[PDB]
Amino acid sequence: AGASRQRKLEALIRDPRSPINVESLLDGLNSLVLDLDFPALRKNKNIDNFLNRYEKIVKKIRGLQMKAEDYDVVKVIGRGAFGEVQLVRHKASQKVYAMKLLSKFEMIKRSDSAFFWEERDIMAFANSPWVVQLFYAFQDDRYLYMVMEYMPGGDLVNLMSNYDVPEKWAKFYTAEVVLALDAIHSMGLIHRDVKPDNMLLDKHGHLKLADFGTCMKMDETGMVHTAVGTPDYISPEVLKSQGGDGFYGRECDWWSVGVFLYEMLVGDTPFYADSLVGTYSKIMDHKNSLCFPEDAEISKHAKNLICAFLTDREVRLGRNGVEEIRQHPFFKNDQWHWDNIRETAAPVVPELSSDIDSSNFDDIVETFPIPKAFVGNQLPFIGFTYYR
């Protein structure tokens, strides 16, 4: 039926996961007008007349759609790959959010301009208390923006520097990391950058993972095909794949949990060295180079858990699913079960003096040229806008 073809078509456009939803279609139109509205290109009558037709309505859309001017920048709370995270207050609602900015220019120039799709999608659609929630994604000519729930507790780096961390606490945060990662892994995704910087504490001292900009979608075999920042938390299979064309899967996140628990209990990274090259070399030689210092206050079970994660991938814990991790005797405790850990009293419940208190965080351009012909610099970002 002709009516059924129109039913099907409407169903694609109503779906919030769809590439041709209304927001994506509006990005389509906006991005086209941005890419065309340059006096040189307007020598083409097709382009000139089209812009004259859509001048009014695009100005009208631009005004109504969500934009940077809707938010007051309170403070920059972190810097990263293609931009920054700023603590913001939405002007009209007076509600506080974390807002991550990514430079379009820098992404085009450094050629790393599709990681943001999975970063957006996971935060938008996880519906998991272990994943930072995305409320809005929007864009202007210069930047992509992700408005996310603010995590006033700070990161595990900050926690480790302020508390000598007892094993009982280490057990708690590790357990939350495990469930967090299992939730991500059950969505078919690998984090690939599990480190204390990206483990954030909410207003009640409970963990969520953040920075989903190195997320890859796993294939039907559990594997993924790109770059890396700092090496301390990266698994040895990930290091060999960068030079070669090797594969790796979810086990690379489980390595990092081993590294995390060593950091927490010992106070240092297991493969610490002064240079990056030193660290890289120690990680490749993990069979020899892993060594618990004789002064470290650590249980036999905690050593056994760290040692089970810090092996070659083929014998590593977390290949055969999360259940073998959960049953490890290290995790035996009086305080929580796996089904309820996140609804128990956290070790450190942050004490905050206002809704913009960022005291658990440490204190802290160039554009496209006016092009001679059509280049389509906005085309990679059509579909980014998301209004929940």
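Residues carry their position along the shown sequence, with the first being 1.
In this entry, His225 is separated from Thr226 by 1 to 3 residues of the deposited sequence that have no coordinates. In this entry, no coordinate-free residues of the deposited sequence separate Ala373 from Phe374.
In this entry, 271-279 shows the higher mean Cα temperature factor of the pair 254-262 and 271-279. For the segment pair 142-150 and 102-110, the entry gives 102-110 the higher mean B-factor, averaged over Cα atoms. The PDB entry assigns the greatest CA B-factor among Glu176, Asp285, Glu118, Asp72 to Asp285. For the set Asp355, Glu351, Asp334, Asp27, the PDB entry puts the maximum C-alpha B factor at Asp334. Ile325: CA B factor in the middle third of modelled residues in this chain (values from the PDB entry). Ranked by C-alpha B-factor against the other modelled residues of its chain, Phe292 falls in the middle third. In the PDB entry, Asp182 places in the lowest third of its chain by CA B-factor. For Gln94, the recorded CA temperature factor ranks within the middle third of the chain's modelled residues. In the deposited entry, the Cα temperature factor of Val315 sits in the top third of values across the chain's modelled residues.
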